[PDB]
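The chain contents come next:
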Amino acid sequence: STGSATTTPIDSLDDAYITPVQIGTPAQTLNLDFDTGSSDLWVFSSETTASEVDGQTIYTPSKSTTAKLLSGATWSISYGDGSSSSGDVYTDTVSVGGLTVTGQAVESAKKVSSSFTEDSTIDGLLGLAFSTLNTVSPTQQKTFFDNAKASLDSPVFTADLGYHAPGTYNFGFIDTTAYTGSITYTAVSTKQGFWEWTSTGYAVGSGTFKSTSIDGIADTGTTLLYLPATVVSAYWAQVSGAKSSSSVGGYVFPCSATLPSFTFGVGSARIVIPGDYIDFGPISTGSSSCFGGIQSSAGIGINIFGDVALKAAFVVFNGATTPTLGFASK
Ligand SMILES: NCc1ccc(C(F)(F)F)cc1
Ligand SMILES: NCc1ccc(C(F)(F)F)cc1
């Protein structure tokens, strides 16, 4: 079997991407943020603290004939940006673009942090990292991808994120019409539960390619590109007026500047991020200082190939027994 669903940016900056997901019987359609950096499927629900819901669509397990409370199970998660949420667990039928999984753990949020409440367009998250990161206690639960793996034609899913445009998540097959050239596959380490790979280097604009190993994670749930300080300083040194701002919390640049592209290495292949992808607009309404899409990972502890990098490529998440990551130009 296979599945295919359209993913849509939530705003004009591509801050996140939402994908419609059917939960329950009859179907309750929620727009979820597909997050390859986490492994919990959690949703706003009828159980969420009422003051913490502001425009989201909520899952109502009491109206689903297939919903079963997972007795005694709780969950609590904290994301690298300080966001958090917690609640209890149900099992229910979950379908993505025609691909159906019965008995999927659907984690009902009782408490959500402020950043989720203020994001009215995101009804929840669908984690696509490895199941070892799932926070359900005392019985860890599998991800949607892990539960569907056996019935998929091929144990893969692909991410084709659009630049200011809709994109596609595909489960079970590689669309050979969606990319140009060949797919370059690179080895993945699962030791931390992430889609963790090693980039072979980088280049700034038309500059010389620097062969150097950059260890990082493919994370659709992270907006920006987070790279080591040496690399990020080398990029922003090529933008006139660019500087690191402690008050803003990152590199900013004059909104009138033109940004160079950024190239990162996948094996012997190259993925080029257009400079326009690195522009995230004014730091405040009316400001002439603009926020950069490439930031330092020094404070994070891990390099993150977020949406800024991934939307420049066709990306294959190969969940075979030896998992691999595939990158193609598009
Ligand atoms: N997109 C989920 C996510 C968020 C943060 C991190 C961090 F900060 F731990 F790297 C990993 C994954
Ligand atoms: N990396 C996972 C993640 C995704 C979105 C959000 C937001 F935007 F809702 F705050 C937080 C954390």
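Note on numbering: positions run from 1 along each chain as its sequence is written and may not match the entry's numbering; residues without coordinates are not listed. Each chain takes a letter, starting from A, and each ligand takes a number, starting from 1, following the order in which they are written. Side-chain measures here rest on the full set of heavy atoms in the structure, leaving out hydrogens and waters. Residues with missing side-chain atoms are left out of burial classes, side-chain pairs and their counts.

## Let's talk about the overall build of the protein
Right, on to step 1. Secondary structure elements follow DSSP: runs of H or I no shorter than four residues count as helices, runs of E no shorter than two count as strands, and numbering proceeds from the N terminus. Helices and strands together make up the secondary structure of the protein, namely 4 helices and 24 strands.
Right, on to step 2. Taken over C-alpha atoms, the radius of gyration is set against a globule rule of 2.2 Å times the number of residues to the power 0.38. Scaling as 2.2 N^0.38, a compact globule of 330 residues should have a C-alpha radius of gyration of about 20 Å, and the protein matches this with 20 Å.
Right, on to step 3. Across its three principal axes, the protein shows a C-alpha extent of roughly 60 × 45 × 30 Å.
Right, on to step 4. Residue contacts are defined here by distance: any two heavy atoms, one from each residue, within 4.5 Å place the two residues in contact. In the protein, the share of contacts with a sequence separation of at least 24, taken over all contacts with a separation of at least 6, comes to 65%.

## Digging into the sheet that holds strand 16 (residues 250–254)
Right, on to step 1. In this description, strands pair whenever DSSP reports at least two bridges between them. In space, the 4 strands of this open sheet follow the order 15-16-20-19, with antiparallel pairing throughout. If you trace the sheet from one side to the other, it starts and ends with strand 15 (243–245) and strand 19 (279–282), each paired once. On average, adjacent strands in this sheet sit at an angle of 40 degrees to one another, irrespective of strand direction.
Right, on to step 2. For strand 16 and strand 20 (residues 289–292), the ladder comprises 3 bridges, and the chain directions are antiparallel. Looking at strand 20, one finds that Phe253 is bridged to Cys290. Every angle, taken between N-to-C directions, lies between 0 and 180 degrees, and every axis is a line fitted to C-alpha atoms, over only the stretch in contact when it is a helix.

## What to know about the nonpolar core
Right, on to step 1. As used here, the term nonpolar core means buried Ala, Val, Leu, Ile, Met, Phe, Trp, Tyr and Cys residues forming a set that is joined through side-chain atoms within 4.5 Å. Three labels apply to residues, based on accessible area from a 1.4 Å probe with only protein chains included: buried if under 20% of the type maximum, exposed if over 50%, partly exposed otherwise in between. Counting residues in hydrophobic clusters, the biggest one holds 73 residues, and the most contacted among them are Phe171, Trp236, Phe262, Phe264, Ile273 and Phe327.
Right, on to step 2. The leading source of residues in this core is helix 3 (residues 229–236), at 4 residues.
Right, on to step 3. Structurally, this core is a two-domain feature, drawing no fewer than three residues from each of domain 1 (5–174) and domain 2 (175–330). Here the limits of each domain have been adopted from an automatic or database domain assignment.

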